[PDB]
Amino acid sequence: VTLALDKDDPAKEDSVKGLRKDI
Amino acid sequence: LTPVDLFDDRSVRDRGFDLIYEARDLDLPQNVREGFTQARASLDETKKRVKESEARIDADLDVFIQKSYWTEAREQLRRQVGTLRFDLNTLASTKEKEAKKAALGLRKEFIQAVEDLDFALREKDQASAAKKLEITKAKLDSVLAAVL
Amino acid sequence: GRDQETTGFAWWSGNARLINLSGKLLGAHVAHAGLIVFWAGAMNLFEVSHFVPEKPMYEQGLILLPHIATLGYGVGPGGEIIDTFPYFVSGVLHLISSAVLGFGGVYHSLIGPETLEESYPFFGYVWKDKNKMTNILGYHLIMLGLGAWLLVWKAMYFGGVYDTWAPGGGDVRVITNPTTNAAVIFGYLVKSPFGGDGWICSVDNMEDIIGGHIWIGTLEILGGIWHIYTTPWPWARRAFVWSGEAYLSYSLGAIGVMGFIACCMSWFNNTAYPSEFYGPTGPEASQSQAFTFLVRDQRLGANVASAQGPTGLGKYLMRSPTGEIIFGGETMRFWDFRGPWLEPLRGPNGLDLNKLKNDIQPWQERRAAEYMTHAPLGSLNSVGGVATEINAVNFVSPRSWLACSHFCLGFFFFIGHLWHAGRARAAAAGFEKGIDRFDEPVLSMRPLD
Amino acid sequence: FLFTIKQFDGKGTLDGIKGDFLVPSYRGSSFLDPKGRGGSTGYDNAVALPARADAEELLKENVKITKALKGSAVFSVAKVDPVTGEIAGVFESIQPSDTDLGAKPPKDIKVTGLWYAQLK
Amino acid sequence: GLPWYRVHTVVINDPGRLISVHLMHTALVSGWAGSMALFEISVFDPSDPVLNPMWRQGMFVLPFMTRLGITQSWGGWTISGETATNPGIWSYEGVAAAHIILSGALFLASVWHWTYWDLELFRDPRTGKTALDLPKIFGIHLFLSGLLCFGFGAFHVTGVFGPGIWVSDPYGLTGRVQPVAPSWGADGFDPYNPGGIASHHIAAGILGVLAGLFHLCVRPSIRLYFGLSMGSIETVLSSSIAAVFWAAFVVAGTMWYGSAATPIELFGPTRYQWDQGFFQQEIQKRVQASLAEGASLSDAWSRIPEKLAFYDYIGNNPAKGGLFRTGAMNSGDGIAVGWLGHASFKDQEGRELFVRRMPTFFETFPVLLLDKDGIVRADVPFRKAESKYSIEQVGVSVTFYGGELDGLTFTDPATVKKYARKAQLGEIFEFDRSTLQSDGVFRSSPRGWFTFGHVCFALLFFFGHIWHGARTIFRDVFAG
Amino acid sequence: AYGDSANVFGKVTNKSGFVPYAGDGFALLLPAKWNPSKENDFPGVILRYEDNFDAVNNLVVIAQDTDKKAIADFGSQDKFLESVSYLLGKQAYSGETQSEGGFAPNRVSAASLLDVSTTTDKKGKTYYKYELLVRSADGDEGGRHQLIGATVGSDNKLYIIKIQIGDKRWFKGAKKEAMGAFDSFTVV
Ligand code: CLA
Ligand code: CLA
Ligand code: CLA
Ligand code: CLA
Ligand SMILES: CC1=C(/C=C/C(C)=C/C=C/C(C)=C/C=C/C=C(C)/C=C/C=C(C)/C=C/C2=C(C)CCCC2(C)C)C(C)(C)CCC1
Ligand SMILES: CC1=C(/C=C/C(C)=C/C=C/C(C)=C/C=C/C=C(C)/C=C/C=C(C)/C=C/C2=C(C)CCCC2(C)C)C(C)(C)CCC1
Ligand SMILES: CC1=C(/C=C/C(C)=C/C=C/C(C)=C/C=C/C=C(C)/C=C/C=C(C)/C=C/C2=C(C)CCCC2(C)C)C(C)(C)CCC1
């Protein structure tokens, strides 16, 4: 399957999970 | 869902399909884009085109004058005959000194005749156009004899 | 010089202190002429120096050289530029001539007398002296008539002007049968300014142009003699303000209209402004694009005749509201366009698909392709392109420059007419400075509401 | 209505040459409606109303039917010029009207007029 | 003849009728409070508290009443959805009726104060002219204000005597009015820390009381009194306008950015929540957990609460609305009926495709399906002459897990594209747009409307402060 | 904070208009203005670049493992073109229509082969090359030029380069960039 981030990001690139820890 | 159909149109390029693209290549010199240089380079091609114009002026045009098709007759002039003046000039340029000068003189006398005939078509004078066309034919034949 | 304390005009209105100074006014006008002639010569030589034979004049942003080329100088079959020395001669002549005019103006502005009436009565003139004013107009009217006839002479003698519609190809042609029929010559004047009629901008034959200059040339010379031997009639004196500013306002208004007409001529006319030297006209560029694709698609294997577009009004060809067959697309607005490269394919009823199917000459294509690319669309930084285009092409149609510049010039000069005319009328009445503060007319008028 | 006789194959006598002709869609697939929805190029859905983007509006949205219809035409030669090889006569045809890409039903349009041709 | 924009200046020097005119305004406000509440109660449906919450029903005053405790109603129904066993005098209807009766009482009081405006109390004893000791008036009012603030935070909010305040879980899936305990710590300043309300109101309250005593005891400085025109009623008006407009901005921001004082299950979800995928991440999180436990996709998605899924919907986003799109959220999208279930879009290759959600800033967003990597693998092409990601050529099939379409698979291009368009709007829920005849356009939540109205009032009141303040400073010039 | 002096009165770095690029067994001079793209239009996409503005002007380098050790093994160039027709794209539109001028019934897109060639690199490997112009009923960009070249690398992998240019830009200079990159493409 895909990680929550591997799912939240493609659905919403500005999701906190995808927009955080990116460093 | 259907695959986009494909057609072998490679023959279009043979029938001057790149003329528009070449004319739109600003990188090419203006003469190259206009084809002036190409024609001046191809003597045989220029000479051929000249004979094509001769046929149009001789074995043609008179038809419209007979049926008073002025629009077609005036459009008969120019069109393919449009390059005739440029063609005659380069052929005369092939000559030298007196030969070139004499040839250019014949070219001028013919150019004047074609304008007289055109004005006759403009005034829609069939009688004047008829006689004027005969004069133009003689002029062209004289220039052709020199340029060719 | 002069000071406001003795003239009542501030430095920003100093030239207005020369209204009654005939001698100084002469120097000012003569000097300004030097400036005009100077630019004509200087810019011409600049263009000649910056000219390249590998590109068309329009691509080189040249405006003066096209004028000389149209007069039939250093041009050859197809509009090809044979030599440029004739253009160099023009620049040199104007530049040196400007020196003579400059010296005369400086002299008539420094050493020359502030007034001439006291010494040279002939030159001496006083605004309001209608007789003298009309005589001065006459002299200049004759001069303009001679100038028009000089052009007519160049057309039928001393070579000929370039004819873009010349038979068997476009090249210089000596006009031999200039139109003298008044109906044809004056027909343009009574033509509607709307589409189709195009008023005088419709002139497409050099015969009418030269013939029209023949008419204007004679009338101007005759009119000059008339004004030289006649004085304004009572009706005129009772319906005109006789003052220097009033006379200037009349000229400002007229020249302003002429500016607008020149803008339209450069934007629409292709005969007086050969597309070979001035580039294609807006309508010409659009029609050229339709022709370019029509030809390409037809060669690929498309029936342009039965090619229904998305709206169903014909993708390549359609019918004008009048009925004439015209190119399809938004170019339908330019259906009244006429160019030497498209006429041969046309016929009594709009375009002739027969010619479009066969008889299409290669030049008819090459020319259209070149015009399509060099359309009048451009930017202030000279970034050639319809719009929303990357900075790659450096070209702005010379037609665009002339059309935009002369339009703006015409607008300002019209505003100048309103300013000078109104002030002249107010001056005559006496209320130019302001209200009397004791004879306020409103205070004597009805209380209205 | 798109007056047309595309693909007419009349096969009657010298007069009354009955035949059928194609009646292509007044508008092409590319043609976009005010909403932007179209055949080959279009939204296909009521983007304006997101909640009602897809519903009974289907008749107008995602339809844009561009199927061509058929019409009947009859031609008759009134006169023939043998020397000039020219023929002229009257024509009568009933064709369907625009269907707004299927949005509206077509309507019969009876077009009568004169026809001229040169047999060369 | 006072100009129309100067008619109410007649009571500027009439303290007796100033109370009357103020009593009127208070009565009008009290009347609207109970009136609007009565109207909302008459037009409120408590049948479905999940897919038909108050904010979806467009209720505005009901949320505030519920926020402080009011939950039951004489209609035998609770805002929770259960039957109101004993709504009591403080039923939604009761509190409304109370405000209406208060309005009436205030009206009669206003009449008396207007008639009997000449009270010796207003007169100053030294001169006999009507004079108000603004310095002390503020002090006494401040002291009383502090008392109420401390009492509300230490009793009504704390719960010791007051009913309590509405507190909900971070995902507003479960919440109600429960007594809170003052944080009295750094966390107390966290806007999402309910305890802060009690601690702040208690702290601010006690200080206010002390500050009130100071203004009552200590007199104003001579330099300050004149410098601040402490003898002018317009002076307090200008400064008071500055305070109200300042609070309005703070109150609005609290509603827009969200806080423990603005429950998402009472005012609707915040726009930022969707922008950061707050509820979406939770749904996927628990789903992954259930899958990790070993449950099927259907089981995990079936576990997802419809309320949580309902929050994950662009429609509930407050920013997704129009200025003139009047009406309840239910109107314009229909009344939520149920959840179709999670839609799983997969290409023929078997790769799971994710439909890019519509950004709030976009009224219309193109449908795009991307892989976990984030590479577009499918979409609905505007031009279909030669597509390279067409749902058809990509062969995308949508399978719904949980909800109404649980176990339902769709391969029809049209059907898949339809669900794809809904997916981009978040969770796919069934909506009845017939009962209210919805127009099909999204509306703003009461949260967004409140923020817009109060921000507007605040910006305008800024001009009010400058105007009245300028008049006080330039009273001599404005005198006339 | 490297103390690099400004190039005041200096010399331009690169004015060739092409930036040399190196990939896995393939090398070519990408147009300088063109920017990297992140859209895998087809399977096996290795390099994908697009013009700064018009995305129609794009370049894709597809590498697919193929048993055949020679592009000739695939068969005649015409046969290979048929197998690589997927690049031209597919008409999703299925509506029956006959109101599209210059297009066959129910066809809203037409691709026309205008040139075919088999150039060989110094290494010796040949290159099946094809030039086609795809037209659409909408006629966007006045047609899309398609330059497709293919060859098998020593890694027994088929490398295909497809450059697409909107006719509008094609006759406005974009052709020079496309041709340069297409000729620059070399597989080892
Ligand atoms: C409690 C706040 C408050 C109070 C008590 C006052 C009081 C006063 N103001 Mg004022 N003002 C305020 C806020 C306030 N203002 C704000 C926020 C602004 C910024 C927009 C202004 C801008 C302002 C100006 C520009 C002026 C005054 C003026 C006046 C004086 C004349 C009143 C008048 O014209 O009769 C009222 C007669 C009317 C016809 C007005 C009523 C019409 C309204 C629009 C209809 C009611 C709409 C609605 C019910 C309003 C309540 C909305 C609320 C529920 C949110 C008066 C003493 C005038 C003055 O000269 O100052 C001394 C003056 O010109 N004010
Ligand atoms: C086309 C532009 C132009 C021209 C031709 C003139 C011409 C004239 N102006 Mg004038 N002026 C102008 C623009 C112009 N002006 C502008 C833009 C302003 C606003 C700043 C003014 C404001 C102004 C005022 C306030 C006054 C004049 C005045 C005058 C007159 C005499 C000048 C004078 O008294 O001292 C002459 C000035 C000089 C000797 C300084 C140098 C000028 C020389 C002649 C210029 C030569 C330059 C050129 C390179 C020489 C070529 C030599 C050759 C061998 C190549 C004269 C006819 C005066 C007048 O007569 O009022 C009644 C006056 O008082 N002007
Ligand atoms: C050949 C045409 C012409 C002539 C002979 C005059 C002559 C005169 N004008 Mg005038 N004017 C004209 C055209 C003309 N104008 C036009 C077209 C306009 C519309 C814009 C005006 C608007 C105008 C105004 C508003 C005024 C005058 C005034 C005057 C008088 C004062 C002279 C002066 O200012 O002293 C010296 C010269 C100057 C101070 C000019 C300074 C140089 C200018 C300001 C710089 C402009 C450069 C320009 C941007 C370059 C581009 C020009 C063009 C390409 C757009 C004078 C007799 C003044 C007056 O009182 O009338 C009696 C006055 O108030 N004019
Ligand atoms: C241990 C005791 C205690 C505790 C736990 C707290 C806890 C808290 N207090 Mg607090 N407080 C206390 C004691 C305590 N206080 C005491 C003794 C006082 C003095 C009486 C105060 C006075 C006080 C004030 C005045 C405020 C708080 C606020 C808060 C809350 C912080 C969230 C916030 O800032 O709101 C949200 C964010 C802000 C307020 C920052 C924005 C402020 C700007 C400047 C306002 C905009 C004004 C301007 C006109 C806008 C221009 C337009 C704009 C678009 C730019 C928080 C829960 C705030 C609150 O009430 O929350 C709503 C707040 O405003 N307290
Ligand atoms: C009055 C006055 C004024 C002014 C005026 C003017 C405007 C003057 C001018 C005048 C002028 C108008 C001048 C001019 C001059 C020029 C010249 C003198 C020229 C010369 C030339 C030469 C020397 C040569 C050259 C050459 C040739 C041609 C060939 C090639 C090469 C060369 C280029 C080298 C003012 C405003 C200040 C104000 C005050 C008063
Ligand atoms: C060359 C040529 C030609 C010709 C042209 C012409 C012929 C022109 C002319 C034109 C003209 C013909 C002009 C004139 C003008 C004038 C006018 C237009 C008038 C005006 C008037 C006024 C301004 C007045 C007013 C008033 C009144 C009446 C009332 C009272 C007051 C007053 C007096 C003010 C042509 C075409 C072939 C083309 C080509 C070239
Ligand atoms: C007398 C009396 C009585 C009765 C009372 C009552 C009945 C009260 C209530 C009253 C009321 C019933 C009040 C209310 C009124 C209303 C209001 C106060 C509101 C207004 C509105 C507004 C102000 C708004 C405006 C606006 C618009 C609409 C648009 C947008 C914006 C806004 C929202 C701003 C009793 C039994 C107690 C006993 C004693 C005596």
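This entry lists cryo-EM as its structure determination method and reports a resolution of 2.92 Å.

Enquirer: Can you lay out the sheet that holds strand β11 (residues 408–410) of chain E for me, pointing to particular residues and giving the numbers?
Expert: With antiparallel pairing, the six strands of this open sheet are ordered in space as β9-β8-β7-β6-β10-β11 (chain E). Pairing within the sheet leaves two strands with one partner each, and these edge strands are β9 (376–379) and β11 of chain E. Strand-to-strand, the axes of this sheet are offset by a mean angle of 35°, without reference to chain direction. When strand β10 (residues 397–401) of chain E meets β11 of chain E, the two strands line up antiparallel, connected through three bridges. Within the sheet, the bridge partner assigned to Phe400 of chain E lies in β11 of chain E and is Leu408 of chain E. Its contacts with the sheet put helix α1 (residues 4–11) of chain A on β7 (352–355) and β8 (368–370) of chain E, and the angle it makes with β7 of chain E is roughly 45°.

Enquirer: Hey, could you go over the coordination of the magnesium atom of ligand 1 for me, with residue numbers and the actual values?
Expert: Exactly one donor from the protein chain reaches the magnesium atom of ligand 1: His468 of chain E (NE2), at 2.7 Å. As for its placement among the helices and strands, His468 of chain E is situated in helix α15 (residues 446–473).

Enquirer: Explain the site of ligand 2 to me, and be specific about the residues and the numbers.
Expert: All names here are of chain C. Around ligand 2 sit 14 residues in total, of which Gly1, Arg2, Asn15, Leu18 and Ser109 are the nearest. The contact in question runs from an oxygen atom of ligand 2 to an N or O atom on the backbone of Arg2, over 3.1 Å. At 3.1 Å, a side-chain N or O of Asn15 approaches a nitrogen atom of ligand 2. Class assignment of the residues belonging to the shell around ligand 2 gives a composition of seven nonpolar, four polar and three charged.

Enquirer: Can you lay out the arrangement of the chains for me, pointing to particular residues and giving the numbers?
Expert: No other pair among the nine pairs of chains in contact exceeds the contact count of chains B and C. In this structure chain A stays clear of chain D, and the shortest span between their C-alpha atoms is 19 Å. Over all C-alpha pairs, chain A and chain F never come within contact, reaching a minimum spacing of 14 Å.

Enquirer: So what's going on with the interface of chain B and chain C? Residues and values would help.
Expert: In this complex, chain B contributes 42 residues to the contact, which on the side of chain C involves 44 residues. Both faces considered, chain B and chain C share a buried interface measuring about 3,600 Å² in area, 53% of it formed by carbon and sulfur atoms. Between the two partners, chain B and chain C, sit nine salt bridges. A salt bridge links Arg367 of chain C to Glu34 of chain B, with the nearest nitrogen and oxygen atoms 3.1 Å apart. Residue contributions to the side of chain B that touches chain C peak at six residues, all from helix α9 (residues 97–122) of chain B. Split into classes, the residues belonging to the side of chain B that touches chain C amount to 16 nonpolar, nine polar and 17 charged.

Enquirer: Explain the site of ligand 5 residue by residue, including any values.
Expert: Residues and elements named next belong to chain C. In the region of ligand 5, the neighbouring residues are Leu35, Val92, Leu95, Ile96, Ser98, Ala99, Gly102, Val106 and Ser109. Here ligand 5 has 980 Å² of accessible area as a free molecule, and 42% of this is covered by the chains. The element best represented in the shell around ligand 5 is helix α4 (residues 85–107), accounting for seven residues. Class assignment of the residues belonging to the shell around ligand 5 gives a composition of six nonpolar, three polar and no charged.

Enquirer: Please give an account of the pattern of salt bridges that cites residues and values.
Expert: Under the defined criterion, the tally for this structure stands at 71 salt bridges over all chains. The salt bridge partner of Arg37 of chain D is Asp33 of chain D, with a shortest N-O separation of 3.1 Å. By the burial criterion, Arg37 of chain D is buried, and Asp33 of chain D matches it. Across the salt bridge formed by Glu293 of chain E and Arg303 of chain E, the nearest N and O atoms sit 3.6 Å from each other. Placement of the pair is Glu293 of chain E in helix α10 (residues 278–293) and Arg303 of chain E in helix α11 (residues 297–303), with a sequence separation of ten residues. The exposed category is assigned to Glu293 of chain E, whose relative accessible area is 56%.

Enquirer: Could you give me a rundown of the UniProt feature "transmembrane region" in chain E, with the residues and numbers involved?
Expert: Residues and elements named next belong to chain E. In the numbering used here, UniProt assigns the feature "transmembrane region" to residues 20–35, 100–114, 139–155, 202–217, 236–251 and 456–471. Strand forms 0% of residues 236–251 and helix 100%; the C-alpha atoms that close the span are 22 Å apart. For residues 456–471, the end-to-end C-alpha separation is 23 Å, with 100% helix and 0% strand making up the annotated structure.

Enquirer: Any details on the interface of chain F and chain D? Residues and values, ideally.
Expert: The interface is formed by nine residues belonging to chain F together with 13 residues belonging to chain D. Summed over both partners, the interface of chain F with chain D comes to about 780 Å²; 53% of that surface belongs to carbon and sulfur atoms. The tally of links from chain F across to chain D stands at zero salt bridges. Linking chain F with chain D are five residue pairs in polar contact, by the criterion used here. Counted by class, the side of chain F that touches chain D contains three nonpolar, three polar and three charged residues.

Procedures and definitions
- Residues numbered from 1 in each chain as written, not as in the entry; some residues may be left out.
- Chains lettered and ligands numbered in written order.
- Part of a larger assembly, values for the part shown.
- Heavy atoms only, no water.
- Pairing = 2+ DSSP bridges.
- Helix = DSSP H or I, 4+ residues; strand = E, 2+ residues; numbered from the N terminus.
- Axes fitted to C-alpha atoms, helices over the stretch in contact; angles between N-to-C directions.
- Contact = heavy atoms within 4.5 Å.
- Donors = N, O, S within 2.8 Å, 3.2 Å for Na, K, Ca; no water.
- Near = heavy atom within 4 Å.
- Polar contact = N/O pair within 3.5 Å; in protein donor to acceptor, adjacent residues only side chain to side chain.
- Nonpolar A, V, L, I, M, F, W, Y, C, P; charged D, E, K, R; others polar.
- Buried area = accessible area lost by both parts, 1.4 Å probe.
- Salt bridge = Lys/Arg side-chain N within 4 Å of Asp/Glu carboxyl O.
- Areas by Shrake-Rupley, 256 points an atom, 1.4 Å probe, with all protein chains shown as cover.
- Buried < 20%, exposed > 50% of the residue type's maximum accessible area, 1.4 Å probe, protein only.
- UniProt positions renumbered as here; feature names shortened; annotations may be inferred.

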